[PDB]
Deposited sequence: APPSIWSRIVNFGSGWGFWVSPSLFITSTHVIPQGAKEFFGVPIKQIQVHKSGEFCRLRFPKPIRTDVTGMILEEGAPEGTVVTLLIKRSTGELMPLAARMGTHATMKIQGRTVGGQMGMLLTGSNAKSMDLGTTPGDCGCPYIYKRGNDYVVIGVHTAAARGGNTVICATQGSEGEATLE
């Protein structure tokens, strides 16, 4: 039921990490949104770090899901799964080995990202999660923001 946590958000998608934590790409969100999922935006705790957007709701929204671990990137060489969901409803899991993780700071504020190579993606896919299993837990490392033209390179934005 992991696929049920991937919901269309604005021009792309978003992922429920826990009953109250929703992650997406910053620039797929409508610029004039005054509410999300029935909750006024004033009551939602928003944290935008570059192209990584994080929404913490004041109550459990998805009371049916379990909590996963949100971590900034994956150790280099880790292969993860980009859970792409298309407009048709078709489910397309893509494998990608993760490479160099980069971070840029300005004024106390760190934006993050990590590159990967697919082992494709299209303009409607921003916001779909990158995930891999570690032990008896599932770890989500970011949401897709970019992909090289024609090649295998992809990029997940990190917190």
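Novice: No C-alpha coordinates anywhere in a stretch? Then put that deposited-sequence range on the list, in order along the chain.
Specialist: Going by the record, the segments left unmodelled (no C-alpha atoms) fall at 1-3, 123-132, 173-181.
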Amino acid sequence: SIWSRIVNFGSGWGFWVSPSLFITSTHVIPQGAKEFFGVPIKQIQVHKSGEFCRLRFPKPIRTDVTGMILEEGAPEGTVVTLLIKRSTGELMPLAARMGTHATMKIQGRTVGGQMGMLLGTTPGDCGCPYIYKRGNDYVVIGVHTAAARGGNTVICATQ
From here on, numbers count along this sequence of modelled residues.
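Novice: Mind pulling up the entry and telling me whether 55-63 or 107-115 has the higher mean Cα temperature factor?
Specialist: According to the PDB entry, the answer is 107-115.
Novice: Select between 30-38 and 122-130 the stretch whose C-alpha atoms have the higher average B-factor in the entry.
Specialist: Looking at the record's C-alpha B-factors, the answer is 30-38.
Novice: Specify which of 135, 142, 19, 12 carries the largest Cα B factor in the deposited PDB entry.
Specialist: That would be 135, according to the entry.
Novice: Among the modelled residues of its chain, does the C-alpha B-factor of residue 82 lie in the lowest, middle or highest third?
Specialist: Highest third of the chain for residue 82's C-alpha B-factor.
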